[PDB]
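Chemist: Turn this into a model:
(7 chains, ligands or ions: 7)
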Amino acid sequence: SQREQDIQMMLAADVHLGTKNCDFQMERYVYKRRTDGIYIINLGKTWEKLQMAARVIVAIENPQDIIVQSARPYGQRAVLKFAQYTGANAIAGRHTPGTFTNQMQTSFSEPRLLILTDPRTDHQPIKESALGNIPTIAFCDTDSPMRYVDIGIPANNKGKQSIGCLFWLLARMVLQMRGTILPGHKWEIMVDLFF
Amino acid sequence: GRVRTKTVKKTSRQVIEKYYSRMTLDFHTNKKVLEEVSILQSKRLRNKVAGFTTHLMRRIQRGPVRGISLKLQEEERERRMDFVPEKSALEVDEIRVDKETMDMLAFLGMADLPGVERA
Amino acid sequence: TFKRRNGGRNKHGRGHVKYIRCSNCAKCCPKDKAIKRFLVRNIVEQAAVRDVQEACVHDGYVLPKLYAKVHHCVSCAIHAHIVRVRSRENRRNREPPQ
Amino acid sequence: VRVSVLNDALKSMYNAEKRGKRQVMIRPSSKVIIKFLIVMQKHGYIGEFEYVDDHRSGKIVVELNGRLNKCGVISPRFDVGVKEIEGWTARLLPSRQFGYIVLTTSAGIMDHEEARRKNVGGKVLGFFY
Amino acid sequence: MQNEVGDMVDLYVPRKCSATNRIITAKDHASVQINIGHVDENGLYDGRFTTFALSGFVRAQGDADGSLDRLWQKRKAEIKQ
Amino acid sequence: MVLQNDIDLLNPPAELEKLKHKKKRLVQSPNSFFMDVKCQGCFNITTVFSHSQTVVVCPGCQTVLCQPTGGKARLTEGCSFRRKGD
RNA sequence: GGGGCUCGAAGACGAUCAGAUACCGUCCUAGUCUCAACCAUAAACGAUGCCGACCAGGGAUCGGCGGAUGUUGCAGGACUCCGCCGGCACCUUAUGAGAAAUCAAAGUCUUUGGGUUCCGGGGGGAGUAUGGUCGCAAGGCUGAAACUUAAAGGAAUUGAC
Ligand SMILES: [K+]
Ligand SMILES: [Mg+2]
Ligand SMILES: [Mg+2]
Ligand SMILES: [Mg+2]
Ligand SMILES: [Mg+2]
Ligand SMILES: [Mg+2]
Ligand SMILES: [Mg+2]
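Modeler: Residues are numbered from 1 along each chain as shown, chains lettered A, B, ... in the order given. Ligands and ions are numbered 1, 2, ... in the order given. Coordinates below:
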């Protein structure tokens, strides 16, 4: 939709809050810091960063080899959907090592794209995707390494509202780009927020 | 000692996974069902399996465990899709904006958003 | 083979540091190298405090503390279980226990 | 102390090039540095570069295009005639197909192929390929 | 590269990273390739895309995201957005 | 802040060089200035250096203006400060 | 020359021990302290010469300075936040190096060249012989050869203890 609605929604979802510090990356994404030390990461850049991520992910027309991963047990609900709204697969919680490199493993599945809730939590799939030419997209926050993730959306991954609202917004614009959502409104009222 | 071999643990888990419909709480009913729903050679191995299954029914009658699956709450689906309120949890008015975020909305954003607040 | 980055002591930016004497064997050890502890204890322990409470003339007498900074050489500290031998990866862990 | 500003310039440029930087800063500047950079740019190994006047010694901001593998000075500036160029080519260069040696001949600062063209010799400044 | 006839002599021509221009080795398993699709004025994916390649070095550095973002901002100008 | 790959060394931001060391700026510039200190009374035209080192006086009562310190000269509370520039 | 508390090479005695000129006890001499002169060595160690440039991030700390800030039984001082220069260090990670331990320098090295001083050439003989030279002496600086030998050594690995 219009950027104003999404911006005000992530303002409602408190996606602009940062942490006490930042790494030497993401200063291209922060706006400044509050007197308490928190960061106010500029949602404006986040909007078209996730928009370009959406442009990236509707480009392969075979959504089967798109695993969404979430090691933290707080955004599992959001990753549970976004896998039947689109055709992507989604592994939640535990990621057995070898699923991207061990071709004798029962869960061997090499993707064309990886979507990750937070580079800090599930770093193991990042390091394993480094051995298979797997492009990676993650919702990095401040204090999150850029070590191998290739497209990083500057959002919050520690909030009930941030995750969920952000995932739904991404999926909404992806379906819009695919053409299924002809100009209209939301039919996916917030369900991914934690119980 | 009284710890259970991986074979009896596994077979108890499988029989509960595929035959939770009729199997009951009493040990003797569990063994008289096991003797025909599966082929166990040693009678005392069958007794161990039946007692273990009874113990896990005691475990599960209070809540779900990490072992079994199918009908994936314990017996019936549709647990969380029903948690959809008639109004979204995300409000749009007077939405949690502070001084530095006000300075942001003075930046590229629109300072006259519907949810702007002086907090 | 260098077991430790700091050499087992805490010297940087200086050349000399006066020694102390181990409280058990009276062996001269550099002040920064010696294992130093600060122990603070009641003069009388729990089995004794009960019997000294009523024996005290007035109830307003708070029981006195005692404070002692003790220094141990490496040999005495290891033999007295003040500091144990740790694994190679846990050696770098400088976090105090609890 | 700073005994050869050309070495500092070339080393900083090479270090920035290895790290994938798109711009590099060189301080202090000098005419010989400018001539070396001009030769490198003419042969198509770097791009734009601008000299900034700080009223004392000047700086250079150079734009990299990723085409430069190595570049470095030779110290001390040995004297080479026209007949010795081949030998130095066999030492400082990967292969006879490409690469360049920079000479400060009395006709100016040039590469070794141009020196052979003009049949002139001189001292060796550095090399780049 | 080029023979005196004027024909190819090497087996293949490699890819080079779109950020640092250094080439991509046949055994570079951290090197990736992203196709960014384009949309129409309404916002419909039209089936054409712009292709970028990133070598393992730039990825392992952690500058892959910044380099790709800069490349996209620069490239979208010619082909609109 | 990936690295200088996003910024331009030729045209760096105009505020980041307000904080770097004076020698380390793109072009070296002084951090000081000259100010015409105005006393409470008349004789308000005296010009003093910001990082002054001598205890200047005034023709009227010698009206001690500034004390030299490790940095900017300590102007008195009674003396008003305004700056002159190029 | 003075001083001479304590401690304590040498020495004596007790104890242990197959033996104990040692470890354990006690008494102690030179010494330990100081003044005027000599010596010139240490695991004198960061086992890492000095000067210069560049190349990742982070927080803490010491000295100085610039700015903001709002409290002190009191402009300034104490405290909080940001930044710059200089220093002692520390943490994470190589895309670097290395035989490795490990190192943000021990990196920018067969894609080898910024300047300069000292210094090594398998292990012993040996820092020995002799000469020279400084010192009251103990000793210091410089410093071989005959002969002998196939290993000596560094880092890490698995066992055994
Ligand atoms: K110690
Ligand atoms: Mg040892
Ligand atoms: Mg010092
Ligand atoms: Mg010393
Ligand atoms: Mg010596
Ligand atoms: Mg300070
Ligand atoms: Mg030898």
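Chemist: which helix in chain D runs the most residues?
Modeler: Scanning chain D for the longest helix, with DSSP state H as the assignment, gives helix D:5-18.
Chemist: just how off-centre is stretch A:185-195 within its chain?
Modeler: Centre-to-centre, stretch A:185-195 and its host chain are 16 Å apart (CA atoms, centre = their mean, to the nearest Å).
Chemist: neighbouring contacts of the longest helix of chain D?
Modeler: With contact meaning CB atoms under 8 Å, 6 or more residues apart in numbering or on different chains, helix D:5-18 is reached by D:2, D:23-26, D:28-30, D:32-33, D:36, D:60, D:62, D:64, D:66, D:68, D:70-73, D:75, D:125-126. Yep, even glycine has a C-beta here, placed from its N, CA and C like the rest.
Chemist: now swap in stretch C:50-57 and tell me
Modeler: For stretch C:50-57, contacts defined as CB under 8 Å, 6+ apart pick out C:44, C:63.
Chemist: just stretch E:5-16 next, same as before
Modeler: E:1-3, E:22-26, E:31, E:33, E:53, E:55.
Chemist: Throw these into a markdown table and include distance to residue D:94, thanks.
Modeler: A markdown table is the format used below for these (distance: CB to CB, whole Å):
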| residue | distance to residue D:94 |
| --- | --- |
| E:1 | 14 |
| E:2 | 18 |
| E:3 | 20 |
| E:22 | 16 |
| E:23 | 15 |
| E:24 | 20 |
| E:25 | 18 |
| E:26 | 21 |
| E:31 | 24 |
| E:33 | 29 |
| E:53 | 25 |
| E:55 | 21 |
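Chemist: other SSEs contacting the helix or strand that the longest helix of chain D is followed by?
Modeler: For helix D:5-18, the following helix or strand on the C-terminal side (DSSP states H and E) is strand D:23-26. Under the contact criterion of 3 or more CB pairs under 8 Å, 6 or more residues apart in numbering or on different chains; DSSP states H and E, strand D:23-26 touches helix D:5-18, strand D:59-63.
Chemist: Now do strand D:23-26: distance to the chain's middle.
Modeler: Counting by CA atoms, centre = their mean, strand D:23-26 is centred 15 Å from the centre of its parent chain.
Chemist: So what touches that strand?
Modeler: With CB under 8 Å, 6+ apart as the test, strand D:23-26 has contacts from D:8-9, D:12-13, D:16-17, D:33, D:59-64, F:4-5, F:8-10.
Chemist: Give the buried subset of those as a ChimeraX selection command.
Modeler: Per 16 or more other CB atoms under 10 Å in any protein chain shown, the buried members of those correspond to this ChimeraX selection:
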select /D:8,9,13,16,17,33,59,60,61,62,63,64 /F:5,9
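Chemist: and whatever helix or strand residue B:105 lives in, anywhere near chain A?
Modeler: Residue B:105 is part of helix B:99-106 when elements are defined by DSSP H and E. Yes - using CB under 8 Å from any CB of the partner chain, helix B:99-106 reaches chain A at B:99-101, B:103-104.
Chemist: Identify, from those, the entry nearest to chain D.
Modeler: Distances from chain D to the residues of helix B:99-106 next to chain A, taken as CB to the nearest CB, are shortest for residue B:104 (29.7 Å).
Chemist: Quick check: residue A:73 touching residue A:93?
Modeler: Yes - if you go by CB atoms under 8 Å, residue A:73 and residue A:93 touch, sitting 6.3 Å apart.
Chemist: Show the contacting residues for residue 58.
Modeler: Answering for chain A, as no chain was given. Counting by CB under 8 Å, 6+ apart, residue A:58 makes contact with A:174, A:177-178, E:37, E:45.
Chemist: was after chain D, sorry
Modeler: Residue D:58 is in contact with D:28-30, D:51-52, counting by CB under 8 Å, 6+ apart.
Chemist: Among those, which one lies nearest to residue A:88?
Modeler: Each of those was scored against residue A:88 by CB to CB, and residue D:52 proved nearest at 51.2 Å.
Chemist: Could you pick out the longest helix of chain A?
Modeler: For chain A, the helix with the greatest residue count under DSSP H is helix A:162-178.
Chemist: quick one: the top strand by length along chain E to chain centroid distance?
Modeler: The longest strand of chain E (DSSP state E) is strand E:45-54. Strand E:45-54 sits 9 Å away from the centroid of its parent chain (CA atoms, centre = their mean).
Chemist: So is it next to chain D?
Modeler: No - Strand E:45-54 stays clear of chain D (CB under 8 Å from any CB), getting no nearer than 11.0 Å.
Chemist: does that strand come close to chain F?
Modeler: No - applying CB under 8 Å from any CB, one finds strand E:45-54 separated from chain F by no less than 13.6 Å.
Chemist: circling back to that earlier point, in CSV: the helices and strands packed on strand D:23-26, plus distance to residue A:44.
Modeler: As requested, those are exported to CSV (distance: least, CB to CB, whole Å):
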stretch, distance to residue A:44
helix D:5-18, 31
strand D:59-63, 29
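Chemist: which ones are touching residue A:164?
Modeler: Going by CB under 8 Å, 6+ apart, residue A:164 touches A:13, A:75, A:77-78, A:190, A:192-194.
Chemist: Just the ones of those in helices?
Modeler: If you go by DSSP H, these have A:77-78 in helices.
Chemist: got the contacts of residue A:164 as TSV, with neighbour count and distance to RNA strand G columns?
Modeler: Putting the contacts of residue A:164 into TSV (neighbours: other CB atoms under 10 Å in any protein chain shown; distance: CB to the nearest atom of the strand, whole Å) gives the following:
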residue	neighbour count	distance to RNA strand G
A:13	28	27
A:75	27	25
A:77	21	31
A:78	27	29
A:190	19	35
A:192	22	32
A:193	19	33
A:194	14	31
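Chemist: Just give me the closest of the contacts of residue A:164 to residue B:67.
Modeler: Checking those against residue B:67 by CB to CB gives residue A:77 as the nearest, at 22.8 Å.
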